[PDB]
Every structure is written in structure tokens, then in C-alpha cells.
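Chains as they are written, first to last, in the authors' numbering: chain X, 748 to 797; chain P, 404 to 549, 565 to 797; chain R, 748 to 820, 1002 to 1042, 1056 to 1116; chain Z, 601 to 797; chain H, 1169 to 1209. We put the CB at the ideal spot given by N, CA and C, even for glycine. Before any comments, here is the structure.
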Amino acid sequence: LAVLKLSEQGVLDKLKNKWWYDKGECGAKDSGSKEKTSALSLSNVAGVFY
Amino acid sequence: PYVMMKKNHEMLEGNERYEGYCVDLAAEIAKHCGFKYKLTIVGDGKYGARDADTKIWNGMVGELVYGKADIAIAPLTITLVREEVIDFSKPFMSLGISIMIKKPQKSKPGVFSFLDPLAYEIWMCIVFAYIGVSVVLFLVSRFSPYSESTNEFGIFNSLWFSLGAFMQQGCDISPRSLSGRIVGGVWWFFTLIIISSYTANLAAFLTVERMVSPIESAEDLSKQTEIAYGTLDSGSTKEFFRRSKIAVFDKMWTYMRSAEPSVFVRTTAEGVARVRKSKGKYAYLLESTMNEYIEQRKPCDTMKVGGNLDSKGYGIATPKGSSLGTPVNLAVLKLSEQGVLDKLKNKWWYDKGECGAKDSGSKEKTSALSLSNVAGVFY
Amino acid sequence: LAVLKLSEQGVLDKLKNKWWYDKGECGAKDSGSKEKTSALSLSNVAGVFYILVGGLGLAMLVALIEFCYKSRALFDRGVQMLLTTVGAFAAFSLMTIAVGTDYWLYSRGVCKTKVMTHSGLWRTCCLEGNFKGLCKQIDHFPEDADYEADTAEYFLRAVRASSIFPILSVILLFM
Amino acid sequence: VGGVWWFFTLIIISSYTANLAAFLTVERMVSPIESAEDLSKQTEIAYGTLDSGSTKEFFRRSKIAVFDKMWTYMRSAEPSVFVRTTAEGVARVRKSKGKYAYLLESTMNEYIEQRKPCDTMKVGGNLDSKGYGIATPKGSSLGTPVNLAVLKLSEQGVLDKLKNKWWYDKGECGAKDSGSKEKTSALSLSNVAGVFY
Amino acid sequence: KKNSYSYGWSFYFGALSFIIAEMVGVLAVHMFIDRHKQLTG
Ligand SMILES: NS(=O)(=O)c1cc2c(cc1Cl)N[C@H]([C@H]1C[C@H]3C=C[C@@H]1C3)NS2(=O)=O
Ligand SMILES: NS(=O)(=O)c1cc2c(cc1Cl)N[C@H]([C@H]1C[C@H]3C=C[C@@H]1C3)NS2(=O)=O
Ligand SMILES: NS(=O)(=O)c1cc2c(cc1Cl)N[C@H]([C@H]1C[C@H]3C=C[C@@H]1C3)NS2(=O)=O
């Protein structure tokens, strides 16, 4: 009864989000979209401006 | 093409009526065994099997078991329930389940296929914008009395400046007024985008045409839901997908179960007609040597792809314990090593063929952008 | 015990990835593999035709007013030198306002020195946080073993860090 | 004349740049340079059989005009294409850079392709047909349980199961294994070296 | 990511600092035209 009580009150949600992430601080999904490099951005051709 | 009859079959009498692959195969055995063979079509007209409703054999094997048949030189696949009741020799011809698909139509580019990376609505709006710029470029440069003789831009020059600007060759005259450089400058940005889009779209056509692959395996048939596939509704091919453990054929089975157009057809020639109707959207699963002969018949628009997903064999059958079984078995091994089974194969499937084989050949035949692609520009 | 038996033998996973998938009539997994060509329609390049006709009407308009101004009818060193001076400190104002300002970039970030983040050239701060108006000024951020595996971008980060180029814009404009 | 010729060179040079962009992107494989018949025509492409074996007896005992050309060509052939062992014959292919081919059983050819140094291909189908078979003596008291068992394994798929497992999963390298990867290539000087010449 | 970086008003005023300094520069050249004209003409 205690396990079913902790899950519906989001305690198992809260204890998950705390221990895996606050003792984390590495970045998550920093790449993101694969089409971020679709537009040929300035860092690709900044040498021509140099 | 195993056993057929000629069109003058009523004119002839007996064994001379019949022609076919098994007919000559019966002829080659009697030369090596020494028996008097009489060809007989089964009166039932079915392959041998057993139905346990009355536990009675039917067809050719039924004539073998009961006593009507002395030998069954036929497309009779060597199985287990047939082997228990009647003898087989070693198989004389090898085959398996393969795929029959409508052959892709012959690639014929139009003479104006170079205009194809842009739409016809675009080339019509380029020529319309060509006229609109050149007239504006004429109206601007000769707008003022104050000068008029200094400007070299008539109409006949202004159509030429917008022509050299679009084909990017550059023209000898250039605008000198402020508003003359506006109409000249914007059209230069227009011809930068359109010509660069035309080239990159043409690179996108030639890349994908170099990437589009045929279907050359049964798993490759399974991974794509564009082309549909069906078997006989009653046959050993249908049994094979059920009795196999492999998950590729099991999902090919459940696909045939649950596809909302039913893929099963009643016989083979109904399945052949379904290949012709769907315009290259329908695949057909059947035996290989049936698949080799059908693509060699007119209208020649089917083809063999891939390979044998299983293996079977056609065998010469004798009744169980009969005396003929061993000298037939020596005759089958004698015909194979002398290349007679090689010769009788190459004759019946190809000389009664004359459809073309591997006419496409290499996929890199269209690598070099040949003259038929851009012959319209020369026109 | 039977439920735990089906999962260890894989049956609950077997009965699921069979049922949802094989009895699934359509899917992105089913249709994703095909790829065919596309000719460019007019709407792909329709804006270039819009700028073109906009460039035509703009050409005819200034051709009209340059004509009328000549028919009806700025050249002196005096007020031109004075307008240059007015343009001089204006460029000196717009750059010197810009450098000290922390509103170069609107972004997302954390400012708590260990969220509508406004970051800047010499001072990067935060806005719409837990509390507004706090600044975390950062340069030469710690990388793999003090970055030393690469040589190129450290000179490019130090030009961002020790930002001489906006300052040398100001100093040449001051001289 | 100047107007239409400009529309000519616009189409051609844009098609030249487009077709390079298709080549350098899509690395379609070399077209497999022979087949069954094409090995007989290209006489600069040598091909060798075993000096005493089943493949040697087949080409002399042939009434087909293609194979009769093949037995004629290897008869008056220099250097000698008859090999002692298969390990010598497989080695003569990899050192001759496609000029020498090898005629062998389909079972060995699929196995050599899966072994290291991985540099072979099986082109074309079988020229003849042969079969390995479980052998019992004359007058066997167990031949009939054997051949029923062989037909049982094929209907249950076991002979096909024991093959496409064994040759493939115990296959260390393969064209099927390595074919999917695709990375970029900068142009070297030898790609455009003729334009400098 | 869906990168939400946008340029604040300080960035564009430096760009407006650029274009005016390009305009003050060419007007300074235009005045350097004229001071040579009184020197020689
Ligand atoms: N060319 S073919 O496919 O008709 C074909 C098919 C076959 C041939 C020979 C030829 Cl040429 N012989 C093989 C061999 C296996 C045993 C039965 C016959 C020989 C010994 N059987 S087969 O697989 O039935
Ligand atoms: N992925 S699924 O829905 O097919 C699925 C989901 C589950 C399965 C098995 C499968 Cl196949 N078993 C687990 C069970 C195994 C042990 C851990 C949780 C229970 C007891 N329950 S679950 O986590 O609800
Ligand atoms: N493709 S294979 O080599 O795995 C393979 C080859 C063969 C198999 C089964 C398999 Cl799995 N069985 C057949 C057998 C079935 C009947 C037809 C020929 C014999 C009797 N022999 S075969 O044609 O030599």
C-alpha cells in the first residue's frame, strides 16, 4: 500500500528527478535538432570574412 | 513447358502428340533404361496430395499408389508425405520460391527533359519577367529629354542586356543612371537565385536517380509497403510461410493475413494477370522455374528478381518397391553429368523464349549524362 | 507467477511488438524508407518574383521624381562640415552606448555564479529568473584539460574574452 | 546566334556541375566486370581451374559453345592456369588485381568471401549443378530413416536454418556487413590532375 | 535545439554605428576632394 501511495503523489516522480538530475549537471540533448546545421551558419565561412 | 501438346494434336496419335521438357526427359530415360513409355495425362488433373476427410490420395501420386501409373515424370515436388508412399529418385531440376514483379518500363527521357528541374509555370514566368524588365529598362533610360543621345539603351539593346544578365555571360553595355541600375541590379539578384536553384535541383534529380535501388530480396520486399505481394490461395507456397520459424516470413505471413486488399489469388494465371494490372505495384510469389518461363513469354513485361528464398526440387516418381526405381535412379545421374539436363534446360526455357534478359544491365549506364538527355538543347 | 513467467520468456513483449505492429495497418516505420524526386514549384521561388516586380515599380518611381526635380529646378563645405560633426559624435554615441550595454543578445541562461537571459559584450546578466538584476560575467570557460588539445579557437575565444575589436572600434572613432 | 548559344552553355555547364554532385555523393559500386559469359569473352581476364578435379572434367565434357570456348582458351593459355591446391589458386586471384579469376564450388566461394582478407566476390550463378549427400552403404538398414530425415529438415527449414545461420553469423567479414557506411571524400590532386596537364 | 537566441537593441545600434561611420567616412573623402580643389584650382 505504501508503494502505491508514493507513486500517485508523485513522490517517486520527485525522488527520481532529484537524484538523477541534481547530482547530474551534465548537459542533456545539447545537440537538439539535426537541422541546426541546415542553414550554413557564420562559423562555417567566417574565415573568408577574415 | 513441362508437357504440352501441339496445335495439330488431333492430327497426331499417341506419344507423338505431346511435346515438352518431361516428354524429352521420358525419351532420354528409355534410351538409357530400355522400356516402352506411353504418355498419359492424369484424368483428375491435379498434383498428388492426401486429404484426410476420406484418407484418399488424389492426382498423379494417387495413380502411382493405386496402380494406374508405372512412373510419374512430372513437376512433382519431392516431399515427405509423398516419399513415404511412393519413391523418388534424386531431383532432376532445382528451384525455389521466388518473386515475379512487373519489369520497370524502359527509361525514355523526353527531348525537353532539361527543362524538368523547374516547372512549366516557372519558365513561363521567367520569359514574362524577361519582357517586363526590358521594357521598364527601356522606359527608364529614355524617360527624359534631358541625356537622350547619351544613353545607348534602346528597346533592342534593353532586351539584349536582360538576356546577357539571365544567362550570366554579361553584356558590354551597363546602365549609368541611378534608376537604370535599380532595374539592372534587381534582375541580377533574380538571375542569381533562379540559375542556382536550377543547378541544385538538377543535382537533386541525378542524386536520387543514382540512389533508387531495385527490390532484390524477400526482406527487401518486407521492409517496404509500397509494393504488395500475394501467393496462391491453395499451394505449398502458402504452407511454407506458416511452417517456417523465421520472423521475416512470419511477418510476411501476417501481412498476407491482414492486408485489407486480399493478396491471395485462386490460381497462377490469375496472379499473372494481377501483375499486369497494377503497373509495377504488385509482386508475386511463386516457384522459380515457373517464374523463369513466364518472363520468357510475350508481352515479356515481367522479370525475375532476387534469389530463391527456399529450395525445392522436382523429382521422377515411381511406386513404392517397384523394380523401375533403381535403373531410373541410375538414369537421372547419367543424364546430369553428360549435361543433358543442362541441354534440355537451356533449350526449352530459352528457345521458346526470345524475350530479352538483363537488357538494363549496369545501373551506372546512366552515370554519364548521355546525349539523349540533352538532345533538345541541340535542337 | 504466470505474469512474471511471460515476461522472462518474453511473451508479454512478444504479444505486444507482434500485435501493435503486425496488425498495424499504417505507420511512419512503414512509409519512411521511400524517397522520390520533386520538381520546384512556383511557390518555392515566388518571393524572388515579388522582389523583382517590387524592384521594377521602385525603378520607375525614382525615375519619375528625378525627372520632375530637374524640370522644377547641399553643395557647400560649411554645413557639410557641421553635419559631419553631428554625424561624428552620433557614431561615437551609438557605439559607446552599445559596448557598456548588456543587451547584445536575448537568450536563455543561468546567472547565479554557481529565463529571458540578456547577455552582453563585457557584462552578461539575467532577466526573468528567480530574482532579476544579477550578473554572471564569464570568459575562457573550462574545457578538456584547460582546452590545450586545440590551438585555433582559443585565440578566437580570447578575442571574444579580451574584446579588443569593439574597443578598437571606439578608440579609432575617438582618435 | 549569340542569344541561343548562351542558353546552350547555361544548360550544359549546369548539367556538368550537377552530375559531379551526383557522383561525389552517391558512391555506386564498380559494375561487376564479368558474368558467366563475360569471363569467356574478355580474354585479357584470365581464369583458372583445378588441375585434377570435378571442375576440370566438366569443361572438357561440355557440348555448350560458351564452355567449349572456355576449355579451348585455358588449353592454349599462358601462364599456366592449372593450380595445385585451392589455397594457391585463391592467392593467385588477390595478387593479380582482377586479371585472374578462379572457378570453384559455390560452397567454397561463399566461404572464402566471408573469411579474411575479405577481398573476393561471387559473381554469377552456378554453371553446373551438384549436390552433397548423406551417404549410407549398399544394403543399408538405416538409409530409409536417413532420407526421410533429410526431407524433414528442409520442410521444417533446418537445412536452410543451419546454413544461413552458420555461413553468416560465423562470418567474420562481408560486403553485407560493411556496405551501409558512407562518409565524405575531399578531392585529391589525382582527380583533377589532367586539367593541370 | 530550438535555439531561442535573438539580438537585442544594443547589437543593432552598433550596426547603426557602423553605417553612419561609413557615411561620415565617405563624406570626409568628399571633403578631401574639395580641399584639394581650392588648393589647385
Ligand atoms: N540446370 S538444373 O537446375 O536443371 C539442374 C538441377 C539439378 C542437377 C543438374 C542440373 Cl543441370 N543435378 C543435381 C544433382 C543432385 C543429385 C540429383 C541430381 C544430381 C545428383 N540435382 S538438381 O539440383 O535437381
Ligand atoms: N514493454 S511492454 O509493455 O511490452 C512490458 C511491460 C512490462 C513487462 C513486460 C512487458 Cl513485455 N513486465 C513488467 C513486470 C516484470 C517485473 C517488473 C515489473 C513487472 C514485474 N511489468 S511492465 O513493466 O509493465
Ligand atoms: N539452399 S541450401 O543449400 O540450404 C538447401 C539445399 C537443398 C535442400 C535444402 C536446403 Cl536448406 N534440400 C533439397 C532436398 C529437398 C528435395 C529436393 C531436393 C532434395 C529433396 N536438396 S538441395 O536442393 O540440395
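Spatial distance of residue 730(P) from residue 499(P) (CA atoms):
Here residue 730(P) corresponds to residue number 312 of the second sequence, with the count starting at 1. Here residue 499(P) corresponds to residue number 96 of the second sequence, with the count starting at 1. One C-alpha to the other measures close to 5 Å.
Can you list the residues of chain H that residue 774(X) reaches, using a CB-CB cut of under 7 Å?
As a first step, residue 774(X) is located in the first sequence; it is residue number 27 there, counting from the start. Those within 7 Å of residue 774(X) in chain H number zero; the least Cβ separation is about 10 Å.
Pocket of ligand 2 defined by Cβ to heavy atom distance under 6 Å:
751(R), 754(R), 759(R), 760(R) and 763(R)
Interface flag, residue 713(Z) vs chain P, CB-CB below 9 Å:
Taking the first residue of the fourth sequence as 1, we reach residue 713(Z) at position 113. Judged by the 9 Å Cβ criterion, residue 713(Z) is not in contact with chain P.
Leaving out five residues before and five after residue 635(Z) in sequence, what residues of the same chain have Cβ atoms less than 7 Å from its Cβ?
Position 35 of the fourth sequence, counted from the start, is the residue given in the question as residue 635(Z). Here the set comprises 723 and 724.
Sequence ranges, alpha helix (DSSP H) only - wholly within the stretch 589-647 of chain P, length at least 4
596-627 and 636-641
Starting from the beta carbon of residue 626(Z), find every residue of chain P whose beta carbon is closer than 8 Å, and list them in chain order.
As a first step, residue 626(Z) is located in the fourth sequence; it is residue number 26 there, counting from the start. The contacting residues are 625, 628 and 629.
Confirm the yes/no value for this check: CB of residue 670(Z), any heavy atom of ligand 1, distance under 8 Å.
Position 70 of the fourth sequence, counted from the first residue, corresponds to residue 670(Z). Checking the Cβ of residue 670(Z) against ligand 1 gives no.
Quick check: does the Cβ of residue 733(Z) come within less than 8 Å of any heavy atom belonging to ligand 5?
Of the ligands this structure carries, namely ligand 1, ligand 2 and ligand 3, none is ligand 5.
Uninterrupted alpha helix (DSSP H) stretches inside the stretch 449-536 of chain P (no shorter than 4 residues)
Whole alpha helix (DSSP H) segments, 4+ residues: 462-469 and 483-488.
Under the three-state reduction of DSSP, which class applies to residue 539(P): helix, strand or coil?
The residue given as residue 539(P) occupies position 136 in the second sequence. Looking at residue 539(P) - three-state DSSP - the assignment turns out to be helix.
In three-state terms, what does DSSP make of residue 1203(H)?
Here residue 1203(H) refers to the residue found at position 35 when the fifth sequence is read from its first residue. It is helical.
Note down the Cα distance separating residue 760(P) from residue 720(Z), rounded to an integer number of angstroms.
Locating residue 760(P) in the second sequence gives position 342, where the first residue counts as 1. Locating residue 720(Z) in the fourth sequence gives position 120, where the first residue counts as 1. If you take the alpha carbons of residue 760(P) and residue 720(Z), they lie about 28 Å apart.
Using only the alpha-carbon positions, how far apart do residue 478(P) and residue 450(P) sit?
The sequence position of residue 478(P) within the second sequence is 75, counting from 1. The sequence position of residue 450(P) within the second sequence is 47, counting from 1. A direct Cα-Cα distance of roughly 8 Å separates residue 478(P) from residue 450(P).
Ignoring anything shorter than 4 residues or poking outside the stretch 730-761 of chain Z, list the alpha helix (DSSP H) runs there in chain order.
743-755
Please determine whether the Cβ atom of residue 728(Z) lies at a distance below 8 Å from any heavy atom of ligand 3.
If you number the fourth sequence from 1, residue 728(Z) lands on position 128. No, Cβ of residue 728(Z) sits at least 8 Å from all heavy atoms of ligand 3.
Whose Cβ in chain B lies nearer than 9 Å to the Cβ of residue 780(X)?
Chain labels in this structure do not include chain B; the protein chains are X, P, R, Z and H.
Would the beta-carbon of residue 504(P) fall within 9 Å of that of residue 702(P)?
To locate residue 504(P), count along the second sequence from 1; it is residue 101. To locate residue 702(P), count along the second sequence from 1; it is residue 284. Annotated as proximal: residue 504(P) and residue 702(P), with beta-carbon spacing under 9 Å.
In whole angstroms, what is the alpha-carbon distance linking residue 1057(R) and residue 794(R)?
The residue given as residue 1057(R) occupies position 116 in the third sequence. The residue given as residue 794(R) occupies position 47 in the third sequence. If I take the Cα positions, the gap works out to 33 Å.
Could you tell me the alpha carbon to alpha carbon distance between residue 803(R) and residue 570(P), rounded to whole angstroms?
Here residue 803(R) corresponds to residue number 56 of the third sequence, with the count starting at 1. Here residue 570(P) corresponds to residue number 152 of the second sequence, with the count starting at 1. In a straight line, the C-alpha of residue 803(R) is about 20 Å away from that of residue 570(P).
Quick one: give me the first and last residue of the alpha helix (DSSP H) that residue 673(P) is part of.
Against the second sequence, residue 673(P) aligns to sequence position 255. 665-676 is the extent of the alpha helix (DSSP H) around residue 673(P).
Nearest to residue 626(Z) by alpha carbon, out of 789(Z), 797(Z) and 784(Z)?
Looking up residue 626(Z) in the fourth sequence gives position 26. Residue 784(Z) is the option with its Cα nearest to residue 626(Z).
Between the alpha carbons of residue 768(Z) and residue 772(P), how many angstroms are there, rounded?
Counting from one through the fourth sequence, the residue named residue 768(Z) turns up at place 168. Counting from one through the second sequence, the residue named residue 772(P) turns up at place 354. Roughly 38 Å between the two C-alpha positions.
Drop a sphere of 10 angstroms on the beta-carbon of residue 485(P), count the other beta-carbons inside from all chains shown, and report buried for 16 or more, exposed for fewer.
Here residue 485(P) corresponds to residue number 82 of the second sequence, with the count starting at 1. Burial call: buried.
Under 8 Å Cβ-Cβ, which residues of chain Z neighbour residue 705(P)?
Counting from one through the second sequence, the residue named residue 705(P) turns up at place 287. Within chain Z, no residue comes near residue 705(P); the closest Cβ sits about 15 Å away, beyond 8 Å.
Could you give the C-beta distance for residue 770(R) and residue 662(P), rounded to a whole number, given that I count them as a contact under 8 Å?
Your numbering for residue 770(R) matches position 23 in the third sequence. Your numbering for residue 662(P) matches position 244 in the second sequence. Not really, about 20 Å apart at Cβ, beyond 8 Å.
Could you check if residue 478(P) belongs to the surroundings of ligand 3, using beta carbon to heavy atom distance under 8 Å?
One-based indexing of the second sequence puts residue 478(P) at position 75. No.
Comparing the C-beta of residue 1024(R) with each C-beta of chain P, is any distance below 9 Å?
Along the third sequence, one-based indexing puts residue 1024(R) at 96. No, no contact with chain P.
Give a single yes or no on whether residue 667(Z) has its beta carbon closer than 8 Å to a heavy atom of ligand 1.
Looking up residue 667(Z) in the fourth sequence gives position 67. Not so, every heavy atom of ligand 1 lies at least 8 Å from the Cβ.
Is there contact here, the stretch 680-696 of chain Z with the stretch 449-464 of chain P, by at least three beta-carbon pairs under 8 Å?
no
Ordered along the chain, which non-local residues of its own chain (more than five positions away) have a Cβ less than 8 Å from that of residue 545(P)?
In the second sequence, counting from the first residue as 1, residue 545(P) sits at position 142. 566, 569, 571 and 572, listed in sequence order.
With 9 Å as the threshold, decide whether the Cβ of residue 752(X) is near any Cβ in chain H.
Residue mapping note: residue 752(X) aligns to position 5 of the first sequence, counting from 1. Among the CB atoms of chain H, none fall inside 9 Å of the CB of residue 752(X).
Using only alpha-carbon positions, find the residue among 605(P), 754(P) and 744(P) that is nearest to residue 491(P).
For the purposes of this step, residue 491(P) is identified with residue 88 of the second sequence, where counting begins at 1. Taking only the C-alpha atoms, the option nearest residue 491(P) is 744(P).
So the candidates are 1059(R), 1016(R) and 1100(R); which of them puts its Cα closest to the Cα of residue 1116(R)?
Looking up residue 1116(R) in the third sequence gives position 175. For the residues 1059(R), 1016(R) and 1100(R), the minimum Cα distance to residue 1116(R) belongs to 1016(R).
Evaluate the contact criterion for the stretch 614-626 of chain P versus the stretch 515-524 of chain P: three or more CB pairs, one atom per stretch, below 8 Å.
A contact is defined here as three or more CB-CB pairs under 8 Å, and the stretch 614-626 of chain P meets this definition with respect to the stretch 515-524 of chain P.
Does the stretch 629-647 of chain Z come close enough to the stretch 1068-1083 of chain R to have 3 or more Cβ pairs within less than 8 Å?
no
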